Protein chains: 2
Amino acid sequence: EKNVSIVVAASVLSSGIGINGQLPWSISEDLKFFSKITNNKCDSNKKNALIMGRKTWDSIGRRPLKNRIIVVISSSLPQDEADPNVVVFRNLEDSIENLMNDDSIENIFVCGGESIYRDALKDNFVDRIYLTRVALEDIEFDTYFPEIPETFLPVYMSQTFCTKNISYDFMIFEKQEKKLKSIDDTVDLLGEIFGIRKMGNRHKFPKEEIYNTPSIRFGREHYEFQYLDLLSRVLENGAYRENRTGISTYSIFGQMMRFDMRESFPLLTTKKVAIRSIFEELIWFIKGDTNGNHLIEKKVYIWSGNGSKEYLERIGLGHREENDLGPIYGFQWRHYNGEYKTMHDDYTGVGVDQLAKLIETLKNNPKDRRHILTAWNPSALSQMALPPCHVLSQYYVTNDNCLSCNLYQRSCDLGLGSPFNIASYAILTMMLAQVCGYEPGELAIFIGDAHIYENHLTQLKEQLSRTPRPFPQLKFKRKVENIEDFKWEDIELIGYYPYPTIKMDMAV
Amino acid sequence: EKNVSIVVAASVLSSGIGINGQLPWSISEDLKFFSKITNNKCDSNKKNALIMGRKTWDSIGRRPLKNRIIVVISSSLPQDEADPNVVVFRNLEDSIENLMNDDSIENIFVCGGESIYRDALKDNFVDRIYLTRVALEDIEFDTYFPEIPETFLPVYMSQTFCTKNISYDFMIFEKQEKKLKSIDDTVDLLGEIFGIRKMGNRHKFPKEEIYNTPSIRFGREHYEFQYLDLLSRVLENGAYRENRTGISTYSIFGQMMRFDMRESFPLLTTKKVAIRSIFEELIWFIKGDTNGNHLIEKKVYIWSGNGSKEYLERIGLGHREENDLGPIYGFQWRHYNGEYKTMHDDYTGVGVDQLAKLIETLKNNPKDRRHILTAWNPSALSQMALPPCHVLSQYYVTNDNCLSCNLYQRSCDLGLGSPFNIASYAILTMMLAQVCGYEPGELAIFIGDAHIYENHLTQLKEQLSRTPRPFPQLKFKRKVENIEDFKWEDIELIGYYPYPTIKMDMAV
Ligand SMILES: NC(=O)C1=CN([C@@H]2O[C@H](COP(=O)(O)OP(=O)(O)OC[C@H]3O[C@@H](n4cnc5c(N)ncnc54)[C@H](OP(=O)(O)O)[C@@H]3O)[C@@H](O)[C@H]2O)C=CC1
Ligand SMILES: NC(=O)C1=CN([C@@H]2O[C@H](COP(=O)(O)OP(=O)(O)OC[C@H]3O[C@@H](n4cnc5c(N)ncnc54)[C@H](OP(=O)(O)O)[C@@H]3O)[C@@H](O)[C@H]2O)C=CC1
Ligand SMILES: CN(Cc1cnc2nc(N)nc(N)c2n1)c1ccc(C(=O)N[C@@H](CCC(=O)O)C(=O)O)cc1
Ligand SMILES: CN(Cc1cnc2nc(N)nc(N)c2n1)c1ccc(C(=O)N[C@@H](CCC(=O)O)C(=O)O)cc1
Ligand SMILES: Nc1nc2[nH]cc(Cc3ccc(C(=O)N[C@H](CCC(=O)O)C(=O)O)cc3)c2c(=O)[nH]1
Ligand SMILES: Nc1nc2[nH]cc(Cc3ccc(C(=O)N[C@H](CCC(=O)O)C(=O)O)cc3)c2c(=O)[nH]1
Ligand SMILES: O=c1[nH]c(=O)n([C@H]2C[C@H](O)[C@@H](COP(=O)(O)O)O2)cc1F
Ligand SMILES: O=c1[nH]c(=O)n([C@H]2C[C@H](O)[C@@H](COP(=O)(O)O)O2)cc1F
């Protein structure tokens, strides 16, 4: 009784693994992953066996792998004993003789194509699966990886990596079996004595029925869980509260999310996020614009709700034009403390150009601690059609010339605003990184009133049922002179294979 | 072979447990803790044995405890078999015949005073310790709890609680024995392939030699660990970087801390924090003052460094008076966007009184999401002697009438500034809570440039060697009409028993 693991690199959707006797891709780090998993052993005087089919044995040049014993499953290969690092068996069942008899073998690994993968799962020989999901689907395949049986459950999902603009994950699947210990009891008993006085009870762990992929307990490395587990945490501890709109929310205070931008782009995969509208809003801010029609003219109606004549007169802005949102994001960025008249006037030169100073400070004094771009100005809050949600952001240049970003958000619509704020400030960091000459780094979002609107409950609960997929890659097609020169055609979204879009109405 | 645990509630320093045949305090929740700990059993048809001395047996009225068998260790009590829930033995060793003979007993608990505690530890009969540390030490004791031997190591430390303004902790100590498994290996191998491309390697777990009380792995509930583990994370991942001063730091980006204020006060115990100077700085901000002499007149020299004539002329403020810090904290609070002349002029009425609007909004509109108090004003940054470190703060009223606080900090001097910012915004939250009529809630601090100055290394490593003690209680002695009426004599610090103060020089 030893371990029998499966190592495979399959496509994210169709689970393709090969085409015309070779791989559909060339990822160097994945092969190194195959090296270390198949070499990882405990006994020095032992070797791991790698089982593969003849067609696969041909694909790897018919040459042995160092420090490993290759087991070829071929119906017509000569069982020659000359090579001690390569042995041939007639069928897969008879080849699993090393478990009980061959004590010189520590672990067993299955990695030999569809015919061996499917036969190893249909006969219940497998104990664990090492799946390398690759974000490639608009190509051709002829050999696929079988559907993972119900007996297996994911226990680990690595962060999204990148090689030649190709995103990929690393997952572990374990087979279900049958059916520190004192610390958990003492914390529970303290939770029974102090009701909500103990802070642990105020932040209860999300229940299994609202935890996204609850089988992955200790291996929640994928940074989309930083958003999906916040949804779960709100569903568990959110207090039903009212607000300025008629749609009440479930709200918790003081939450944070953390995303990687070096090897991926934090665009959610559990729901098709309108990436174009995110950009057009961001470049709208950068340009210094407050005209709400300029987004509607580009078929982006995100600010149409808070920019209706009925809404502005309702909040005391009847003198304002239809979509004159007022000094908001992109007016405190480019013209801070500037006397706001209307959205048609020329504001060139007035105010404090924070973005310009931010860019110039990022390149002249990178290790400066004051790379701050704020939007909360109490003098102009009364003029705003909606006070800023993402109020203040700070930027950081690491020693390896990477640009990280921190953002504080006073109010976070986890249904709609959060998927936008994650991608919006990710693109803004990448934009700042290119103009300043650095690489994208990490993105951390600090949240105050993290909430879910009550009409988003059935929708977001559906989103939590979708096991996430690797983040896509976002690369720019050209280097721009100034930051405002970016256009939608300059962005290339690579490997975005999300779940179907989810409709949720905005609370005006 | 079953488990033998000891349950004790001792004072935090001298470990006193009794005086004149009774307890030195009256904490109801502690007795309820003793109830659930001694009753926690797995078998329905089994009872836990509670061992105690005669003097202790007298202290509890000589009456049995429900669902439990009390074992009295007395040299001259009659071994009466009339009561089946109380049995008497002559010595402690002979009383431990429940391990091998009486299978009707599941667990054994030692809880019978000094004479039984010392004999149970000197003879190595104990397997686990349930310690309830109480923050009372300036009273009299006559019975103490023996010092925990080196064979025991702490594995859990609960959050600081409160009963009648008495702070107390719950800890677990386990005796050392001799000397999921696949997920950790796969993450390690991914760390060998991707160097710093994998985000996990940029946030490596702190090594044991810099982890405060590294024996407490899964039970780091005490929220002083939210600060001590930030020190460890900086020591592990901090990049050596320069700054505006000559003292280089080790800095990491995007960290957060979370403290409880309902049942405790987040004043660090691993170092004697100058609590008075914290208050005088805070009330200085609230009053709207920017005159540095008003703190020096009260023997508070924290802002003396950034207010020397040599420093102001060094940063381009030679025209400024000796300690005229300029529009800083407490001038953007009370007079935001107010044209700052000097520190002697009258600024009453000018600017935007954020604090006044914040107070008025906190009680009139509690579920508002705009309870924000900012200090980052780009128009006046050049006039400031030092840009704001704690830039923006947001406040939140829960459904149970508690006031929580969020704070974003752009730069964090973990040696000096951080212990002050934790207590300063804790006091400010409590002050706002009393004036508005709410109770203190949670305090979350979000940090950008969390760093340690290199001249603080020997000191902070010393601070990490001190296992923390329960937080003290801070209560106000009177209700004030306006928030500015607070005085140092109005604050009462209850149960603060910290480790000796640690001297660290400020980087000017
Ligand atoms: N992405 C990835 O992780 C991997 C991808 N691949 C790719 O998959 C493709 C190859 O897989 P595939 O097409 O399925 O072919 P296989 O690799 O599964 O090899 C099949 C051969 O093995 C022998 N064989 C298989 N099953 C039996 C059996 N039950 N009894 C006796 N002999 C058996 C036969 O050899 P014989 O002719 O002697 O009868 C058969 O032709 C290639 O493109 C390869 O590159 C391969 C491995 C990993
Ligand atoms: N804070 C806490 O968790 C607890 C506090 N306490 C406090 O501690 C105080 C009492 O403890 P303490 O003063 O140490 O007295 P003890 O509770 O330890 O009881 C001592 C008695 O037990 C008997 N005894 C002890 N050792 C032996 C032995 N080796 N052989 C035979 N008999 C023995 C003797 O009884 P005899 O007279 O018959 O010889 C002795 O007088 C009280 O104030 C009590 O409130 C007690 C328990 C818990
Ligand atoms: C059978 N096969 C196809 C193949 C390709 N990619 C995969 N990727 C994964 N995740 N899992 C597999 N089973 C897998 N199999 C192989 C097997 C070994 C090598 C190989 O070259 N291994 C070298 C790797 C060289 C290097 O370090 O990059 C080794 O040392 O083991 C390539 C393809
Ligand atoms: C021996 N002793 C002294 C005493 C007091 N406080 C302690 N506190 C701790 N943490 N540990 C002890 N061993 C301890 N012992 C005792 C024992 C039981 C009760 C007691 O009244 N127990 C009731 C508790 C009643 C209630 O629920 O509040 C029970 O149901 O067990 C009081 C003092
Ligand atoms: N109460 C409230 N006011 C807001 N003002 C501006 C925004 C940002 C915003 C506005 C609209 C959408 C929106 O409806 N977007 C959809 C996609 C919705 C989705 O994520 O499925 C789209 O326009 O394509 C998203 C963010 C916003 C919000 O979320 N909530
Ligand atoms: N570069 C820099 N500038 C600062 N300006 C104001 C502060 C906050 C500050 C300043 C001085 C002290 C200080 O010296 N405090 C000592 C004790 C220091 C301590 O051990 O905590 C005291 O006031 O008694 C503490 C915080 C501060 C800081 O930390 N770093
Ligand atoms: O970028 C945005 N992100 C976001 O989360 N919101 C949502 C948060 C909240 O649901 C609403 C503002 O409501 P309130 O004014 O009460 O904070 O806007 C809006 C944006 F423009
Ligand atoms: O309340 C404070 N908190 C704090 O952390 N600092 C430290 C942080 C940093 O070490 C220094 C400011 O340096 P810089 O202006 O380059 O960010 O002041 C100062 C305060 F007044």
# chains A, B, ... in the order shown; residues from 1 in each chain; ligands from 1

call {"tool": "residues_around", "arguments": {"residues": "range 328-336 of chain A", "least_positions_apart": "2", "cutoff": "8 Å", "atoms": "only C-alpha atoms", "output": "number ranges by chain"}}
result
A: 284-290, 325-326, 338, 347, 349-356, 373-377, 384-388; B: 378-379

call {"tool": "residues_around", "arguments": {"residues": "range 457-473 of chain A", "least_positions_apart": "3", "cutoff": "8 Å", "atoms": "only C-alpha atoms", "output": "PyMOL selection string"}}
result
chain A and resi 12+133-135+159-160+162+165-169+210-213+222+224+228+231-232+263-271+415+452-454+493-499+502-504

call {"tool": "residues_around", "arguments": {"residues": "residue 94 in chain B", "least_positions_apart": "4", "cutoff": "12 Å", "atoms": "only C-alpha atoms", "output": "list in words"}}
result
residues 51, 71, 72, 73, 74, 88, 89, 90, 98, 99, 100, 101 and 125 of chain B

call {"tool": "write_last_selection", "arguments": {"atoms": "C-alpha atoms", "output": "JSON list (two decimals), in the first residue's frame"}}
result
[["chain", "number", "residue", "atom", "x", "y", "z"],
["B", 51, "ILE", "CA", -8.57, 16.84, 42.66],
["B", 71, "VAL", "CA", -11.23, 14.05, 44.94],
["B", 72, "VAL", "CA", -10.13, 15.63, 48.22],
["B", 73, "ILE", "CA", -6.50, 15.26, 49.32],
["B", 74, "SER", "CA", -6.60, 15.54, 53.11],
["B", 88, "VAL", "CA", -10.88, 11.23, 49.98],
["B", 89, "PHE", "CA", -7.30, 10.02, 49.53],
["B", 90, "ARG", "CA", -4.29, 10.28, 51.81],
["B", 98, "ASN", "CA", -7.90, 6.76, 38.20],
["B", 99, "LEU", "CA", -5.39, 6.39, 35.37],
["B", 100, "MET", "CA", -5.10, 2.58, 35.45],
["B", 101, "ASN", "CA", -7.95, 1.30, 37.66],
["B", 125, "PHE", "CA", 1.77, 14.31, 36.91]]

call {"tool": "residues_around", "arguments": {"residues": "residue 117 in chain A", "least_positions_apart": "6", "cutoff": "10 Å", "atoms": "only C-alpha atoms", "output": "JSON, numbers by chain"}}
result
{"A": [6, 7, 8, 51, 52, 53, 110, 111, 126, 144, 145, 146]}

call {"tool": "write_last_selection", "arguments": {"atoms": "N, CA and C atoms", "output": "compact mmCIF listing (two decimals), in the first residue's frame"}}
result
# COMPACT_ATOMS: atom_id res chain seq x y z
N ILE A 6 -1.48 11.33 -9.74
CA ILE A 6 -1.57 11.65 -11.16
C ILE A 6 -1.04 13.06 -11.36
N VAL A 7 -0.16 13.22 -12.33
CA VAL A 7 0.38 14.52 -12.71
C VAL A 7 -0.08 14.78 -14.14
N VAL A 8 -0.76 15.90 -14.35
CA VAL A 8 -1.30 16.22 -15.66
C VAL A 8 -1.36 17.73 -15.81
N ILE A 51 4.53 5.97 -14.56
CA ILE A 51 3.80 5.11 -15.49
C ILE A 51 3.32 5.97 -16.65
N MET A 52 3.51 5.47 -17.87
CA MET A 52 3.09 6.20 -19.05
C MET A 52 2.84 5.21 -20.19
N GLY A 53 2.01 5.64 -21.14
CA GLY A 53 1.72 4.82 -22.29
C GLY A 53 2.81 4.89 -23.33
N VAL A 110 1.20 8.48 -12.10
CA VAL A 110 0.58 8.25 -13.39
C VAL A 110 0.64 9.54 -14.19
N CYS A 111 1.13 9.47 -15.42
CA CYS A 111 1.34 10.67 -16.23
C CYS A 111 1.40 10.35 -17.71
N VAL A 126 -6.07 5.57 -8.40
CA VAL A 126 -5.47 6.87 -8.12
C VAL A 126 -5.85 7.34 -6.73
N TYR A 144 -7.45 14.40 -24.52
CA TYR A 144 -8.02 15.14 -23.41
C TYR A 144 -7.77 14.40 -22.10
N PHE A 145 -7.92 15.14 -20.99
CA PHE A 145 -7.84 14.57 -19.66
C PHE A 145 -9.24 14.27 -19.16
N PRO A 146 -9.51 13.06 -18.67
CA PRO A 146 -10.89 12.70 -18.30
C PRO A 146 -11.44 13.62 -17.22

call {"tool": "residues_near_ligand", "arguments": {"ligand": "ligand 8", "cutoff": "9 Å", "atoms": "only C-alpha atoms and all ligand atoms", "output": "PyMOL selection string"}}
result
(chain A and resi 367-370) or (chain B and resi 243-245+249+302-303+386-390+409-421+424+449-453+506-508)

call {"tool": "decode", "arguments": {"residues": "range 363-408 of chain B", "atoms": "N, CA and C atoms", "output": "PDB file, in the first residue's frame"}}
result
ATOM      1  N   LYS B 363     -24.114  60.740  15.540  1.00  0.00           N
ATOM      2  CA  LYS B 363     -25.321  60.516  16.326  1.00  0.00           C
ATOM      3  C   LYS B 363     -26.603  60.760  15.546  1.00  0.00           C
ATOM      4  N   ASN B 364     -26.581  61.647  14.550  1.00  0.00           N
ATOM      5  CA  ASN B 364     -27.790  61.937  13.788  1.00  0.00           C
ATOM      6  C   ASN B 364     -28.019  60.939  12.660  1.00  0.00           C
ATOM      7  N   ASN B 365     -26.951  60.446  12.037  1.00  0.00           N
ATOM      8  CA  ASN B 365     -27.032  59.467  10.951  1.00  0.00           C
ATOM      9  C   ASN B 365     -26.040  58.351  11.248  1.00  0.00           C
ATOM     10  N   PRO B 366     -26.417  57.389  12.095  1.00  0.00           N
ATOM     11  CA  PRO B 366     -25.441  56.362  12.496  1.00  0.00           C
ATOM     12  C   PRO B 366     -25.078  55.395  11.382  1.00  0.00           C
ATOM     13  N   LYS B 367     -26.027  55.027  10.525  1.00  0.00           N
ATOM     14  CA  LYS B 367     -25.744  54.095   9.438  1.00  0.00           C
ATOM     15  C   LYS B 367     -25.161  54.773   8.205  1.00  0.00           C
ATOM     16  N   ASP B 368     -24.773  56.040   8.313  1.00  0.00           N
ATOM     17  CA  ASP B 368     -24.089  56.710   7.219  1.00  0.00           C
ATOM     18  C   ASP B 368     -22.729  56.067   6.971  1.00  0.00           C
ATOM     19  N   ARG B 369     -22.326  56.045   5.704  1.00  0.00           N
ATOM     20  CA  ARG B 369     -21.058  55.455   5.303  1.00  0.00           C
ATOM     21  C   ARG B 369     -19.980  56.502   5.062  1.00  0.00           C
ATOM     22  N   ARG B 370     -20.199  57.740   5.497  1.00  0.00           N
ATOM     23  CA  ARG B 370     -19.292  58.846   5.222  1.00  0.00           C
ATOM     24  C   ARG B 370     -18.726  59.448   6.502  1.00  0.00           C
ATOM     25  N   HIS B 371     -18.531  58.625   7.531  1.00  0.00           N
ATOM     26  CA  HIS B 371     -17.977  59.091   8.802  1.00  0.00           C
ATOM     27  C   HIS B 371     -16.454  59.136   8.694  1.00  0.00           C
ATOM     28  N   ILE B 372     -15.978  60.029   7.831  1.00  0.00           N
ATOM     29  CA  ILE B 372     -14.573  60.095   7.451  1.00  0.00           C
ATOM     30  C   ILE B 372     -13.949  61.374   7.990  1.00  0.00           C
ATOM     31  N   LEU B 373     -12.722  61.249   8.488  1.00  0.00           N
ATOM     32  CA  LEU B 373     -11.924  62.365   8.980  1.00  0.00           C
ATOM     33  C   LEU B 373     -10.550  62.259   8.334  1.00  0.00           C
ATOM     34  N   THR B 374     -10.281  63.116   7.355  1.00  0.00           N
ATOM     35  CA  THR B 374      -9.029  63.065   6.615  1.00  0.00           C
ATOM     36  C   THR B 374      -8.085  64.173   7.063  1.00  0.00           C
ATOM     37  N   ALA B 375      -6.794  63.929   6.850  1.00  0.00           N
ATOM     38  CA  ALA B 375      -5.757  64.894   7.166  1.00  0.00           C
ATOM     39  C   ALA B 375      -4.802  65.131   6.007  1.00  0.00           C
ATOM     40  N   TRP B 376      -5.042  64.515   4.855  1.00  0.00           N
ATOM     41  CA  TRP B 376      -4.176  64.651   3.691  1.00  0.00           C
ATOM     42  C   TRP B 376      -4.755  65.746   2.803  1.00  0.00           C
ATOM     43  N   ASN B 377      -4.146  66.927   2.855  1.00  0.00           N
ATOM     44  CA  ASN B 377      -4.558  68.069   2.041  1.00  0.00           C
ATOM     45  C   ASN B 377      -3.394  68.495   1.160  1.00  0.00           C
ATOM     46  N   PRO B 378      -3.404  68.145  -0.129  1.00  0.00           N
ATOM     47  CA  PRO B 378      -2.253  68.468  -0.990  1.00  0.00           C
ATOM     48  C   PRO B 378      -1.965  69.952  -1.117  1.00  0.00           C
ATOM     49  N   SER B 379      -2.938  70.822  -0.845  1.00  0.00           N
ATOM     50  CA  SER B 379      -2.694  72.253  -0.983  1.00  0.00           C
ATOM     51  C   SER B 379      -1.813  72.784   0.137  1.00  0.00           C
ATOM     52  N   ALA B 380      -1.821  72.131   1.297  1.00  0.00           N
ATOM     53  CA  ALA B 380      -1.089  72.606   2.462  1.00  0.00           C
ATOM     54  C   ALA B 380       0.055  71.685   2.863  1.00  0.00           C
ATOM     55  N   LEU B 381       0.351  70.656   2.066  1.00  0.00           N
ATOM     56  CA  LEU B 381       1.414  69.722   2.430  1.00  0.00           C
ATOM     57  C   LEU B 381       2.766  70.417   2.517  1.00  0.00           C
ATOM     58  N   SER B 382       3.036  71.349   1.601  1.00  0.00           N
ATOM     59  CA  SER B 382       4.333  72.017   1.593  1.00  0.00           C
ATOM     60  C   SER B 382       4.545  72.851   2.847  1.00  0.00           C
ATOM     61  N   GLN B 383       3.467  73.368   3.436  1.00  0.00           N
ATOM     62  CA  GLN B 383       3.581  74.160   4.651  1.00  0.00           C
ATOM     63  C   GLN B 383       3.797  73.297   5.887  1.00  0.00           C
ATOM     64  N   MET B 384       3.453  72.014   5.820  1.00  0.00           N
ATOM     65  CA  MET B 384       3.546  71.144   6.983  1.00  0.00           C
ATOM     66  C   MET B 384       4.998  70.833   7.309  1.00  0.00           C
ATOM     67  N   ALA B 385       5.310  70.772   8.604  1.00  0.00           N
ATOM     68  CA  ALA B 385       6.634  70.330   9.023  1.00  0.00           C
ATOM     69  C   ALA B 385       6.827  68.836   8.822  1.00  0.00           C
ATOM     70  N   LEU B 386       5.743  68.087   8.662  1.00  0.00           N
ATOM     71  CA  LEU B 386       5.792  66.650   8.429  1.00  0.00           C
ATOM     72  C   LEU B 386       4.431  66.181   7.926  1.00  0.00           C
ATOM     73  N   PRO B 387       4.354  65.645   6.709  1.00  0.00           N
ATOM     74  CA  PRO B 387       3.062  65.219   6.182  1.00  0.00           C
ATOM     75  C   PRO B 387       2.418  64.199   7.096  1.00  0.00           C
ATOM     76  N   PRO B 388       1.089  64.091   7.068  1.00  0.00           N
ATOM     77  CA  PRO B 388       0.401  63.218   8.026  1.00  0.00           C
ATOM     78  C   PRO B 388       0.736  61.754   7.782  1.00  0.00           C
ATOM     79  N   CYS B 389       1.030  61.038   8.867  1.00  0.00           N
ATOM     80  CA  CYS B 389       1.253  59.601   8.772  1.00  0.00           C
ATOM     81  C   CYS B 389      -0.064  58.839   8.806  1.00  0.00           C
ATOM     82  N   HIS B 390      -0.887  59.090   9.821  1.00  0.00           N
ATOM     83  CA  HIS B 390      -2.250  58.569   9.851  1.00  0.00           C
ATOM     84  C   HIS B 390      -3.116  59.547   9.067  1.00  0.00           C
ATOM     85  N   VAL B 391      -3.282  59.251   7.779  1.00  0.00           N
ATOM     86  CA  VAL B 391      -3.850  60.219   6.846  1.00  0.00           C
ATOM     87  C   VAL B 391      -5.367  60.285   6.980  1.00  0.00           C
ATOM     88  N   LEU B 392      -6.037  59.147   6.838  1.00  0.00           N
ATOM     89  CA  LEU B 392      -7.486  59.108   6.751  1.00  0.00           C
ATOM     90  C   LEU B 392      -8.031  58.075   7.725  1.00  0.00           C
ATOM     91  N   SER B 393      -9.146  58.416   8.368  1.00  0.00           N
ATOM     92  CA  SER B 393      -9.816  57.522   9.298  1.00  0.00           C
ATOM     93  C   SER B 393     -11.312  57.545   9.029  1.00  0.00           C
ATOM     94  N   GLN B 394     -11.954  56.390   9.202  1.00  0.00           N
ATOM     95  CA  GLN B 394     -13.384  56.227   8.979  1.00  0.00           C
ATOM     96  C   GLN B 394     -13.999  55.529  10.181  1.00  0.00           C
ATOM     97  N   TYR B 395     -15.219  55.923  10.535  1.00  0.00           N
ATOM     98  CA  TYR B 395     -15.874  55.411  11.728  1.00  0.00           C
ATOM     99  C   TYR B 395     -17.217  54.786  11.377  1.00  0.00           C
ATOM    100  N   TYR B 396     -17.656  53.870  12.236  1.00  0.00           N
ATOM    101  CA  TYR B 396     -18.748  52.962  11.914  1.00  0.00           C
ATOM    102  C   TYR B 396     -19.531  52.656  13.179  1.00  0.00           C
ATOM    103  N   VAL B 397     -20.852  52.776  13.099  1.00  0.00           N
ATOM    104  CA  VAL B 397     -21.744  52.497  14.218  1.00  0.00           C
ATOM    105  C   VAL B 397     -22.438  51.171  13.946  1.00  0.00           C
ATOM    106  N   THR B 398     -22.168  50.180  14.787  1.00  0.00           N
ATOM    107  CA  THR B 398     -22.773  48.873  14.605  1.00  0.00           C
ATOM    108  C   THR B 398     -24.223  48.893  15.073  1.00  0.00           C
ATOM    109  N   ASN B 399     -24.910  47.772  14.857  1.00  0.00           N
ATOM    110  CA  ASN B 399     -26.304  47.680  15.265  1.00  0.00           C
ATOM    111  C   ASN B 399     -26.464  47.603  16.776  1.00  0.00           C
ATOM    112  N   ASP B 400     -25.428  47.183  17.506  1.00  0.00           N
ATOM    113  CA  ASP B 400     -25.469  47.152  18.962  1.00  0.00           C
ATOM    114  C   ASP B 400     -24.856  48.404  19.584  1.00  0.00           C
ATOM    115  N   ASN B 401     -24.922  49.533  18.878  1.00  0.00           N
ATOM    116  CA  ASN B 401     -24.493  50.833  19.399  1.00  0.00           C
ATOM    117  C   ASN B 401     -23.036  50.810  19.858  1.00  0.00           C
ATOM    118  N   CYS B 402     -22.166  50.293  18.994  1.00  0.00           N
ATOM    119  CA  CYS B 402     -20.728  50.335  19.200  1.00  0.00           C
ATOM    120  C   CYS B 402     -20.076  51.130  18.081  1.00  0.00           C
ATOM    121  N   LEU B 403     -19.004  51.838  18.425  1.00  0.00           N
ATOM    122  CA  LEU B 403     -18.291  52.704  17.492  1.00  0.00           C
ATOM    123  C   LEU B 403     -16.970  52.039  17.130  1.00  0.00           C
ATOM    124  N   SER B 404     -16.867  51.561  15.896  1.00  0.00           N
ATOM    125  CA  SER B 404     -15.635  50.990  15.379  1.00  0.00           C
ATOM    126  C   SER B 404     -14.881  52.029  14.561  1.00  0.00           C
ATOM    127  N   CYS B 405     -13.578  51.800  14.408  1.00  0.00           N
ATOM    128  CA  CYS B 405     -12.697  52.748  13.744  1.00  0.00           C
ATOM    129  C   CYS B 405     -11.784  52.031  12.763  1.00  0.00           C
ATOM    130  N   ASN B 406     -11.618  52.636  11.589  1.00  0.00           N
ATOM    131  CA  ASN B 406     -10.641  52.220  10.595  1.00  0.00           C
ATOM    132  C   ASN B 406      -9.673  53.363  10.355  1.00  0.00           C
ATOM    133  N   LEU B 407      -8.401  53.024  10.166  1.00  0.00           N
ATOM    134  CA  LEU B 407      -7.361  54.019   9.955  1.00  0.00           C
ATOM    135  C   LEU B 407      -6.407  53.537   8.877  1.00  0.00           C
ATOM    136  N   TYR B 408      -6.105  54.404   7.918  1.00  0.00           N
ATOM    137  CA  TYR B 408      -5.050  54.133   6.957  1.00  0.00           C
ATOM    138  C   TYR B 408      -3.811  54.923   7.347  1.00  0.00           C
TER     139      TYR B 408
END
